[PDB]
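So this first bit is one chain, no partners, the form deposited in one PDB entry, shown in structure tokens.
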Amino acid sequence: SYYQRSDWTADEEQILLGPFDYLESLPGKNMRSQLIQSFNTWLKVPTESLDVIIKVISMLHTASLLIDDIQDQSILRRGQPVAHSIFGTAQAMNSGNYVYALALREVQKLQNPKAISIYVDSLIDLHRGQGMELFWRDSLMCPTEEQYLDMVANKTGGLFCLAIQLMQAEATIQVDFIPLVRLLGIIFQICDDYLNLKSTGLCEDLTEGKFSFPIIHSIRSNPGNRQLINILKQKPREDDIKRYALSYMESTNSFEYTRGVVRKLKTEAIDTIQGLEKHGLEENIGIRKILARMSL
């Protein structure tokens, strides 16, 4: 009697979708839906279920963008101010979490038994991977290539494989496209690493202190030199430093090394595609063009 359980208004949804709505107003090179469509050419998910799966994966991406941006101490997103630079860590991060739950509600519309178990094991692997990623960031422990690639097969594999596992579970075609999306996600990540140092903020995951792929090669190649790892430890907003670091990693030939690794990996993903295609699936031109876009 003393408390009248008030209803959820739309102004309060607006307040809660704000860091998210904001992120969704910023144009970006959406490659996630592109990956869904090019794999749909093989799966043929109905359009209602495929609509639902697209909605959820997009929500999850923007929500983890908010979160990870907070956790990375990132400054810029899609060229414009990073969400929490406007709404603050708290509000923006709770909004990340909120959209996670709203996406769970969404998944439930697929009204498929195995949907929730897949969504779960994906979130488990997401945070497994970015957990170790941080465990290394915070410890100044340079991992191995193999350690880095296992954590990537967790962290990026998470939403890539989520999109595809949901599709496989909503289709008629029982072909395991996930050992391919795993390779594609690993490649996309290595690519994202490389471009973060050689492209056109300038070297922003040096400021993050990340142990990215060419950073690991550079560090382990000559261990006797501890400038690069100390610059990782300094988390530098200065560009004199970041530029020195680019210098040192060039002097070690780690971008050469990374481009070679990307080359051999695109090779493995080509043979892995041509296998499926030569087991009776339509020639995928779309995924060829998409994989091609991963290069610089």
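So that there is no doubt, residue numbering starts at 1 and follows the sequence shown.
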With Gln174 and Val175 adjacent in the shown sequence, let me know how many deposited residues between them lack coordinates: none, 1 to 3, 4 to 9, or 10 or more. none
Tell me which stretch has the larger mean Cα B-factor in this entry, 225-233 or 39-47. 39-47
So 115-123 or 133-141, which one's hotter by mean CA B-factor in the entry? 115-123
Deposited CA B-factor, highest of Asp205, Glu170, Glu106, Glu146: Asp205
Binned into thirds over the chain's modelled residues, the C-alpha B-factor of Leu265 lands in the highest
Within this chain's modelled residues, let me know which third the CA B factor of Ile178 belongs to: lowest, middle or highest. middle
Of the three thirds of Cα B-factor ranks in this chain, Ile215 occupies the lowest
Taking the C-alpha B-factors as the PDB entry records them, is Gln14 in the lowest, middle or highest third of its chain? lowest
Split the chain's modelled residues into thirds by Cα B-factor; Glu277 lands in the highest
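Below: the form deposited with a small molecule bound, not depicted.
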Looking in the deposited complex, any heavy atom of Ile270 within 4.5 Å of the small molecule? no
Decide whether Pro236 counts as a contact residue for the small molecule in the deposited complex under a heavy atom distance cut-off of 4.5 Å. no
Any of the heavy atoms of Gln227 lying within 4.5 Å of the small molecule in the deposited complex? no
Does the small molecule get within 4.5 angstroms of any non-hydrogen atom of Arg105 in the deposited complex? no
As a check of understanding, the residue in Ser247, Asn30, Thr47, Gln37 with any heavy atom within 4.5 Å of the small molecule in the deposited complex should be identified as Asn30
What is the one choice in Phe211, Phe177, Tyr194, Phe188 with a heavy atom within 4.5 Å of the small molecule in the deposited complex? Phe188
Counting any heavy atom within 4.5 Å as contact, can you tell me which stretch out of 38-46, 262-270, 239-247, 22-30 lines the small molecule in the deposited complex? 22-30
